[PDB]
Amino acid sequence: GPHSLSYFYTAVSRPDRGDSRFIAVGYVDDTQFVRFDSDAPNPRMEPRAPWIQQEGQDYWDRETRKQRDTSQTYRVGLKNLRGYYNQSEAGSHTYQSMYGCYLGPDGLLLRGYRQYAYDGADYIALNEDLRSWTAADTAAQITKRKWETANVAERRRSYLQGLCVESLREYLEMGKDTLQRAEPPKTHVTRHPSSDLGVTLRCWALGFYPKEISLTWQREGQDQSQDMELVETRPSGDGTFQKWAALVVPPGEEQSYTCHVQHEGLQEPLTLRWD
């Protein structure tokens, strides 16, 4: 479980208003800690976790300046992209970026990334070597040539290997009481009506952190992902998460099935079954 710092940028054009909106969020692991929204009056980078509030005005000023610049660059970019794709001004289009760093066990960059999408499809991405780009279509090759000409990749690599990692370590210290403590799931099995073919068993995992978890159903030593409904992991609202897995089983045969829960807050996987 290597820690990570990641930023998620979304820019959307608004032809009815003749403008665009830019939204940025930052995460450490699965915990959001900052946001920026170009639609806010006098928009600033804003704290979204308690442990980041100890940063002084120099931090918030410098973060605000960078996000204001990025917001303007992405607005102008939406117009360039509309040109590249032969699109009219009637519709709304979406430009996204995500980037971040994972911290290796030696304190060095384990994996850095920076990628971009247009209308929800991969556009251009920094390669694993942090030195070159891969472009998805002919429009993206325009950007790629411009970014090669300007030696952008070298500047991204310096960020990902340097400031990104350094700030991650600092954040991890600042919020160590919450970011560095795993909360195990509280678990239980419920039973519900289904149809003629049997009863539903639902295995719950509640209030865990971080988000990564495995819920599996088994019958007599054999996986049941075949017929099981597995919901997307969802936020509790307090910074922890929830998930469940359900399976229709023959009436009277509930005890032949076990739910198995792997989470890094547990010393060993939990095994549970309907009482």
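Start at 1 and count along the sequence shown; that's the residue number.
Here 66-74 and 49-57 are compared by their mean Cα B-factor, and 49-57 comes out higher. Of the two stretches examined, 120-128 and 187-195, the record assigns the greater average C-alpha temperature factor to 187-195. Within the group 133, 113, 84, 171, the record's highest C-alpha temperature factor is found at 84. Residue-level inspection of the entry shows that, of 100, 175, 91, 162, 91 has the top Cα B-factor.
Among all modelled residues in this chain, the alpha-carbon of residue 96 has a temperature factor (C-alpha) in the lowest third. For residue 12, the recorded CA temperature factor ranks within the lowest third of the chain's modelled residues.
Residue 145: CA B factor lies in the middle third for its chain, per the PDB record. Compared with the other modelled residues of the chain, the Cα B-factor recorded for residue 245 ranks in the lowest third. The entry lists a Cα temperature factor for residue 259 that places it in the middle third of the chain's modelled residues.
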